[PDB]
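Quick note on labels: first sequence line is chain A, next is B, and so on, each numbered from 1.
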Amino acid sequence: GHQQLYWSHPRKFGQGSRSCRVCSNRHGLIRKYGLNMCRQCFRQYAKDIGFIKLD
Amino acid sequence: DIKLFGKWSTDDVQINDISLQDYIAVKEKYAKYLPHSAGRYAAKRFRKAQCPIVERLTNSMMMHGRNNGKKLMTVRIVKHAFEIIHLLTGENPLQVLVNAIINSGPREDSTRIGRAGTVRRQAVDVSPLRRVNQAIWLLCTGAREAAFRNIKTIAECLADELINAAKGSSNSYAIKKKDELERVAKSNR
Amino acid sequence: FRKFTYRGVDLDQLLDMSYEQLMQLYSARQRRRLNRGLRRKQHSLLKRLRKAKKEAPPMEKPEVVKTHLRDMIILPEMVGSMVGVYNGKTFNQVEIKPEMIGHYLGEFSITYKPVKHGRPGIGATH
Amino acid sequence: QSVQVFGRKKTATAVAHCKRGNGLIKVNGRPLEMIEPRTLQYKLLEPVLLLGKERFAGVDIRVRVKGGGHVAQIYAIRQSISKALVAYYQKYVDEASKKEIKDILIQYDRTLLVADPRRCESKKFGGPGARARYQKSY
Amino acid sequence: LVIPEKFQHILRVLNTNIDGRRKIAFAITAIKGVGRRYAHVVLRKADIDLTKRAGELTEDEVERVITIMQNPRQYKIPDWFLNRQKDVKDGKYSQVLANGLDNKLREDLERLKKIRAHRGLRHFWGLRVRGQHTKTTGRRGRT
Amino acid sequence: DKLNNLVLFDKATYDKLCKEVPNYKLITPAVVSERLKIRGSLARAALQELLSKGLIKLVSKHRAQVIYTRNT
RNA sequence: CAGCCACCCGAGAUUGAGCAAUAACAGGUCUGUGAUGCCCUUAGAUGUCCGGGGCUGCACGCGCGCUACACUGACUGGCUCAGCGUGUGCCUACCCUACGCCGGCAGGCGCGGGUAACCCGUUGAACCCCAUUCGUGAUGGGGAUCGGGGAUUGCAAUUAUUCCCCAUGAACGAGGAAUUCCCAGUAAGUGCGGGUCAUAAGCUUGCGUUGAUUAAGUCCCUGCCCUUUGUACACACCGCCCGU
């Protein structure tokens, strides 16, 4: 009866399925302004986001 | 009028060191109603002597990681013991202050001297600026330890140390430190 | 000889007593599940324990119950029987006694463990 | 009239509205004799009695303040008062006594007219403070 | 009311001896539950001047304080403000003075080991209750 | 360590205290406590009580610096 | 001369940081990755649908740091001053959050305020502004060590993990040798914010607030190998090499 039993428990607090939006990676997710990436993808892809370094 | 805190007269001080009023000054035009002007002299050199020495005190009994950032407390605590020396000796606190700065102020110290040896020390002359710095440091160290863990409050331990250092009394911790400096200068020629 | 009670009430009284002053007897636990409500997959454990309790062998303990779910329980009807609770790879056997009420079933599952026994030896000097 | 030209210290500032009034100086609904720290009142009466309490002969000065820190407001409230006095004394009346009082308060100190450009620097990562760094692990 | 000479070293609990040097609002901290803000509030609402000292500690004061500490409902004080709300192993609601009756309740090490509970075993070895994680770090106990 | 001080009301707070504090020129709770063997806390309490009696001249008040001088 | 040191004016006579070479490492990361090399993995698939333990252990060695040892002070409370920010939304309830009723403690419904300097906000804030027992202690410095109860985001708080009320004063009298870090709005004291986030900070990253005598020097004993010099090394001293 898995067809009506599929996805029984709503996992809403966890980010297993809400991990970094790029790939199958975790351990360092940041939700500043809703990035939903880890540090790796953000830093390598920060040139297209619009975040620049002049501090 | 430019009297200190509006109650201690400033036209009465006599350093009596021939030529030292440029390195110990409470008469100078920088001497203001209060010893609070915020830190601006420490940036450059030989500008520290232009400080009104009341400010140097209220910042020297201002230390030890429990007082830093509490300068208004230091100004209140110097008003305290200024109005207390006003009655203990019956004279202006500036006179006993200059007496303390002219006696406690060291002359001879001992330092390591040489490019190739490390055996002993050599006698050196401590300049007026460094002498007032270390004299006020000894005064504040005594005043901290004299009221540390003790029932005696501030403005009286400081007061006692100031009065028995201003007259040249060797009973003072600062004056015994001065004597120790002089004797170690004797014992390391 | 020594006297033990549950603050003037027993399982029978608490069965007769409604939840009104039961909440006053409740420490802090298992109260908000009523306001939250019970979800699906949660109707068979009570039936299974009651069915087991109906037939109790003479001079023998109630039949072992294999449970893989930590089920929140709201009533003392469990007290007076035995439960086979979860350890991690086996099912450990538990006698129920008046301490069960005032506590949760999951509080009897204590499982934690070291690596091995040893002392600082040849490898570790400093 | 608004002859206000700032008067500042740190991030706190004061604006010294000046007019032909009663000679009473007001600080946002409270007299300068009563300020929250209860300790810097002499720092506020310093300029007026240094240059002379007789100068105020019907001049109403209301200073409005805004910024962080009480003592940070002071050294700027009094700076604003001195600026307002300078503007009033430059607008119509002579300069000889203006230069006299200016020399007197300039030899008194420097923080009555010209602001302190100092400001709190940023903190650099890899340490607890801007210049302090963590302890070395051996 | 006010009297210069009432200073006595001992207050009566179970005929034992206590200290009597502490001042008022602090001399009744010798009781296990009374003290802190409990003694402060009972003296605060006791309708007496609190400037009194140890020497002016009257017997009427002590009698009223003992009565007020017997039951909390003198000023309608709830039982949880005392160290003991509804008791364990009995249906009482009050803290008991002296020793051998209240401390009998605290021994909570065997029965939880009967149900193989973690709390009883933790209190059996004298370990941490707040849950201080122990890996190697710690400088108390053996040195 | 060990707390043990004078808490008894006897001929120490009125006599030798009201007869030796007025005659001295500097009066401080610490000074009264040290020079008259008395407790500083009770020194403050008694000084407040006698100020309520009105036999001193007050300059300023603080938690640790209450400035008194002889007036009468 | 390049320049260095003093001085008057002046807001300012060294404001702070990101960019930073040629060339290289066998320093860490295959546990960051839908970027990847023979072995176990050939469906007997070290999580994969569901998900009920695991880096959540006790005898001790100076691993960044934490509140203190007190009277420059914790402490009834009087007065009142902040700046970066963060903020209702794709399998994203949950974000801030102006009142009535109740409820000390978190929180129930509503009229609304907010995509934003419009809403909290005038971050009324917060450190301090010293009128209260406090006096050298085991009580009020030192919640660091007990059992009960209201409960909001959390089916699942079992090591009250995290939101508090009563009781618990152990140790610490500013601490050996070796020894971090600090020149101006700096060190330092102080609270707010972002990261993680069931609403979450003893950590880190920013911000303010309060705010020094620290010396405008030398190379010690610390590294950085610049010049001269020696070399039998060039895999470059973790080299080379002699003999039993």
Over 12 foreign heavy atoms within 6.0 Å of CZ, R119(E):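 No - once you tally the heavy atoms of other residues, nucleotides and ligands closer than 6.0 Å, there are 12 at most.
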Atom NZ of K123(D): over 12 foreign heavy atoms under 6.0 Å: yes
Describe the nucleic acid contact of [X] in one word from base, sugar-phosphate, nothing, applying a heavy-atom distance below 4.0 Å.
{"X": "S60(B)", "answer": "nothing"}
{"X": "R32(C)", "answer": "base"}
{"X": "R130(E)", "answer": "base"}
{"X": "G126(E)", "answer": "nothing"}
{"X": "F81(E)", "answer": "sugar-phosphate"}
{"X": "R44(E)", "answer": "nothing"}
{"X": "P114(C)", "answer": "base"}
{"X": "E55(B)", "answer": "nothing"}
{"X": "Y86(C)", "answer": "base"}
{"X": "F148(B)", "answer": "base"}
{"X": "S24(A)", "answer": "sugar-phosphate"}
{"X": "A147(B)", "answer": "sugar-phosphate"}
{"X": "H64(B)", "answer": "nothing"}
{"X": "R31(A)", "answer": "base"}

Checking understanding here: a glycosidic angle within 90° of 0 is syn, the rest anti, so what is [N]?
{"N": "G103(G)", "value": "anti"}
{"N": "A35(G)", "value": "anti"}
{"N": "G85(G)", "value": "syn"}
{"N": "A160(G)", "value": "syn"}
{"N": "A178(G)", "value": "anti"}

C1'-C2'-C3'-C4' based pucker assignment for [N]:
{"N": "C238(G)", "answer": "south"}
{"N": "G143(G)", "answer": "south"}
{"N": "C164(G)", "answer": "south"}

Aromatic contact, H118(E) with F108(C) (centres under 6.0 Å): no
Close aromatic pair by centroid cut-off 6.0 Å: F148(B) and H64(B): no
Does the pair [N]/[M] satisfy a centre-to-centre distance of less than 5.5 Å between six-membered base rings together with a plane angle of less than 30°?
{"N": "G65(G)", "M": "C66(G)", "value": "yes"}
{"N": "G185(G)", "M": "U186(G)", "value": "no"}
{"N": "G140(G)", "M": "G141(G)", "value": "no"}
{"N": "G53(G)", "M": "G54(G)", "value": "yes"}
{"N": "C118(G)", "M": "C119(G)", "value": "no"}

Would you confirm whether [N] and [M] are paired, taking Watson-Crick (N1-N3 with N6-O4 or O6-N4) or G-U wobble (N1-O2 and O6-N3) geometry and requiring each distance to be under 3.5 angstrom?
{"N": "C69(G)", "M": "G175(G)", "answer": "yes"}
{"N": "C38(G)", "M": "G78(G)", "answer": "no"}
{"N": "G208(G)", "M": "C109(G)", "answer": "no"}
{"N": "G12(G)", "M": "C172(G)", "answer": "no"}
{"N": "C55(G)", "M": "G47(G)", "answer": "no"}
{"N": "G107(G)", "M": "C102(G)", "answer": "yes"}

Taking every non-hydrogen atom, the tightest pair across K71(B) and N59(B):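 Closest heavy-atom pair between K71(B) and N59(B): CE-ND2, 3.9 Å.
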Heavy-atom pair of closest approach, residues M63(B) and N68(B):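 Of all heavy-atom pairs spanning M63(B) and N68(B), the closest is CA-OD1, 4.1 Å.
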N or O in side chain of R119(E) less than 4.0 angstrom from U159(G) OP1/OP2: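 For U159(G), OP1 or OP2 has a side-chain N or O of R119(E) closer than 4.0 Å.
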Phosphate OP1/OP2 of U139(G) contacted by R21(E) side-chain N/O (<4.0 Å):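 No, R21(E) has no side-chain N/O under 4.0 Å of OP1/OP2 on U139(G).
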Atom pair distance, as rounded to whole Å: NE2 in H118(E) and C1' in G53(G): 13 Å
Between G149(G) (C1') and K86(E) (NZ): distance, integer Å: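 Taking NZ of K86(E) and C1' of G149(G), I get 9 Å after rounding.
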From CA spacing to verdict: side-chain contact (heavy atoms from CB on, under 4.5 Å), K9(D), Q73(D): CA-CA 7 Å; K9(D) 193 264 196 311; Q73(D) 299 251 34; over 6 Å; no
Rounded distance (nearest 0.5 Å) linking atom NZ of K124(D) with atom CG of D55(A):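 One finds 9.5 Å between NZ of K124(D) and CG of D55(A).
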Those residues of residues 35-42 of chain A lying under 4.0 Å from RNA chain G by at least one heavy atom: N36(A), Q40(A)
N36(A) (side chain) donor-acceptor with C20(A) (main chain) under 3.5 angstrom: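 A pair under 3.5 Å: no.
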Salt-bridge present ([X], [Y]; N to O < 4.0 Å):
{"X": "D49(E)", "Y": "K52(E)", "answer": "no"}
{"X": "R131(D)", "Y": "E121(D)", "answer": "yes"}
{"X": "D116(D)", "Y": "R40(B)", "answer": "yes"}

Quick one: does [X] reach the base of [N] with a side-chain donor-acceptor pair under 3.5 Å?
{"X": "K9(D)", "N": "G185(G)", "value": "yes"}
{"X": "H9(A)", "N": "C50(G)", "value": "no"}
{"X": "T67(C)", "N": "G52(G)", "value": "no"}
{"X": "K71(B)", "N": "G189(G)", "value": "no"}

Detail all sub-3.5 Å separations between protein N/O atoms and N/O atoms belonging to nucleotides 64-69 of chain G.
{"residue": "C64(G)", "atom": "OP1", "partner": "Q135(D)", "partner atom": "OE1", "Å": "2.9"}
{"residue": "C64(G)", "atom": "OP1", "partner": "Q135(D)", "partner atom": "NE2", "Å": "2.8"}
{"residue": "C64(G)", "atom": "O5'", "partner": "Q135(D)", "partner atom": "OE1", "Å": "3.2"}
{"residue": "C64(G)", "atom": "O3'", "partner": "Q135(D)", "partner atom": "N", "Å": "3.3"}
{"residue": "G65(G)", "atom": "OP1", "partner": "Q135(D)", "partner atom": "N", "Å": "3.4"}
{"residue": "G65(G)", "atom": "OP2", "partner": "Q135(D)", "partner atom": "OE1", "Å": "3.3"}

Residue among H40(E), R36(E), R22(E) satisfying side-chain hydrogen bond (donor to acceptor under 3.5 Å, both in side chains) with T29(E):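 It is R22(E), the one option of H40(E), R36(E), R22(E) that forms the side-chain hydrogen bond (donor to acceptor under 3.5 Å, both in side chains) with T29(E).
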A42(B) side-chain proximity, nearest of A184(G), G154(G), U133(G): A184(G)
